[PDB]
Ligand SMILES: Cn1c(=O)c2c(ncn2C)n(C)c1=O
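Encoded as structure tokens, the following chain is the form deposited without this ligand, with no partner shown.
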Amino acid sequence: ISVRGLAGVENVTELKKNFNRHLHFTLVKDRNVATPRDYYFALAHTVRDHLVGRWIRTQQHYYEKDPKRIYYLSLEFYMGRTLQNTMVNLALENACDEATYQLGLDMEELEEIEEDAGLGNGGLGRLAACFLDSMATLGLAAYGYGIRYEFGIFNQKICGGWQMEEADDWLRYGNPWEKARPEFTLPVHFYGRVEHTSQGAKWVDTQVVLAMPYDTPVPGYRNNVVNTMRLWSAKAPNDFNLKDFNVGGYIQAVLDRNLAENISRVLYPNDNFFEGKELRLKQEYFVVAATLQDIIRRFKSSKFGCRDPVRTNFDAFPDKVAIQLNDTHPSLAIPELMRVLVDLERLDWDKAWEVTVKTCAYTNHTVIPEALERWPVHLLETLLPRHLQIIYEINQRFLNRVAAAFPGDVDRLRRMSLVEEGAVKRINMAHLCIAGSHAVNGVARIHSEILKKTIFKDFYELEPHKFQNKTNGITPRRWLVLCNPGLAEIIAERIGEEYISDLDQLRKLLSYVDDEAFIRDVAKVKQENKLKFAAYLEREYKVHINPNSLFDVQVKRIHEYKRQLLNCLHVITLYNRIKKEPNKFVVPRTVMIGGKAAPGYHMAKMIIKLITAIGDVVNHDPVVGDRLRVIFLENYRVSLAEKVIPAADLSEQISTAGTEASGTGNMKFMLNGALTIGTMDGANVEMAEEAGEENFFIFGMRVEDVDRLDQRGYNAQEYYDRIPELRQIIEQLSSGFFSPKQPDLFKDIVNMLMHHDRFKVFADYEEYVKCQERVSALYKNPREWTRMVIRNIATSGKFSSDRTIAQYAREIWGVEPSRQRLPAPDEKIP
């Protein structure tokens, strides 16, 4: 059937009875009233059973051996569905397929019932998810720590061409994967005030919110390692949230508990954008405060909570603990670690600071200013008074270091300060992270260089040793084997299966680049993938597409910097050229654009409307026929990504040079047989460098060009004046060609494009359509297109998150990855 494992005789039988056990005893249903949803659950529980044994021994294992622990703190974990991934990592896929088949059910139909765990916004959240999979696969004692939002990223609905947001109640039917651990609930404090008494400061009169943990298993790939992802949920204490007496109402006091519990209610739907709301800051401290107590408790046990030097010496803390900050969201971990160490454990400042810097490491994910976290001082002052005091003290000592290093450089002092003066004082969380971490890294080579050369230049000059790079990656398990079994199979037929956990081995595919059979196969799976997607489209969304055309897709969050608008200009151009010469042949294309716009992002929502507006005209023009279709992919998410990416021919990574930190969707397309048209931005540079620029469709300005243009001054009118095709498009938008009933509907887009385009869309227009012509030319030559595809796939190995993780482990955490199978799952009950 494929190498989804063995369909053993004993195990298919065992699976079936356990499926029936759960359908009866767990779901309390009988075959005569069971619905597909019940069947999905019976299966999920049956599969979950297989990893609890391993989960228990893995955790027990870490307790006995006591290795250095890695704590990955993030406010986002974009997991997606977990049934198939678990089967894949446990080699249960074929057995389960066989078993459900014999039970007369279609496993694929049941897999579609699982809701996505959309606890993330996009790239930052999905990276964390890929990282977790890689850390388990590499046998690291790693824990993912975050917030269990009851409402994840909103479900997107397109009404009248407009995006409609609706709550993502992913827990509505329950989550069979998580395990509530009420017994490990911890208290978190807010507000209060600081008392300075005799031997130390005291954080007093605080409001308490409880943090209840929920653990989700994270299985490594076929190594019997099952790590843990711990998500915190907010709960109101039953005392003060009722006991602070003297009138108000008993009923009201109980109803008001949903005020402390609102902290973990919903994920902020912002991508690459900072919103300074109090609820956000509470979420940030909540995850940090709870996570740190858990980390220290585990440390106090270790082998110190037995003997060792005997005396809670936190000198060994950094030798046993490593905490990675996924962006600045969990940045309060630095002043919170100091608070505990200094205020509670009573360590002297300097010893505490040495420990803190040695265990903390910070990763930066963006350079756009509006994405930078700068919290107003009055907020921190009210919500976290002691922390503000600690931050000021950290700043005081840091600036003293600067002054000593750069005597007289008074401007450098204000530039490097963690405290920004002006309208309202703010705290620059990024500066905080750099100061309190022993390592700072970018997520792609060019992005990391940009941090050193621009944004954190002064910091780099002070401590050059801190700055590093760790190019992002993606897990080959979910992003190949899971979503593209057909491609994984033909690759395995030639080079084996060892590449799933050693992607570098894909290079061996280079020697089949002239193989006639392979070329035919690679081309066949892509065709099968496009037919399946073309079907799914009419199935769930309804209104036909042509599977023979070129599948041109750009899927990612909607942003001005991602330039979906530039893609739009090209689409309208294609349309205008066809209308000019109807009977001329052009390569048919189906351009698919999908992505969510943050609810408050007006321009991004305007762009979604433009896209659907273009589709309304283009898709109903009889002269165009099936040569050009414009489709907006609704509710783009992880599960949807697993469907489109394997079916794409052309991957659009067209951000303005210097704005996309790395990108990861680009890597997903490369591994799945799509060719890339893009700018020299983020990881695109390393991808073209790995495949060879001849096998990549690069165009537009490089970072240097963008700067040259900024010195000069960007004037969009120039481009409008010298390019008739561009002018024609702008006048079409301006006059209502795409919005008849509302002729001025797109005035904001045109106005912006002509007067305030921060991402110089027009500057890359000419080179973009010229480059698009080259891809069309190559598509007309199936054999050569596929051969270039093989060059990309065979050369994507470097982009596996196993490589990224191995580098974090060795260069930042100080731990050695291992591909050693943990001693089977075998029963055991001590």
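Don't overthink the numbering: it's just position in the shown sequence, from 1.
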For this session: Could you settle it for me: does 628-636 or 439-447 have the higher average Cα B factor in the PDB entry?
Result: 628-636
Exercise. Of the two stretches 408-416 and 278-286, which shows the higher Cα B-factor on average in the entry?
Worked result: 408-416
Problem set entry | Top residue by Cα temperature factor, when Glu76, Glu642, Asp106, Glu336 are compared in the entry | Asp106
For this session: Have a look at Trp177, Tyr71, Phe518, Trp353 and flag the one whose Cα has the highest B-factor in the entry.
Result: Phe518
For this session: Could you look up the Cα B-factor of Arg803 in the entry and say which third of the chain it sits in: lowest, middle or highest?
Result: lowest
Problem set entry | Entry-reported Cα temperature factor of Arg48, expressed as the chain third it lands in | middle
Exercise. Among the modelled residues of its chain, does the C-alpha B-factor of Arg589 lie in the lowest, middle or highest third?
Worked result: middle
Problem set entry | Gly600 - Cα temperature factor, lowest/middle/highest third of chain | middle
Seminar exercise, completed: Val266: CA B-factor among chain residues, third -> lowest
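Note that the form deposited with this ligand bound isn't included here; everything after this is about it.
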Exercise. If we take heavy atoms and a 4.5 Å cut-off, which stretch out of 264-272, 621-629, 723-731, 508-516 is in contact with this ligand in the deposited complex?
Worked result: 264-272
Exercise. In the deposited complex, do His559, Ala598 and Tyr601 all reach within 4.5 Å of this ligand through at least one heavy atom apiece?
Worked result: yes
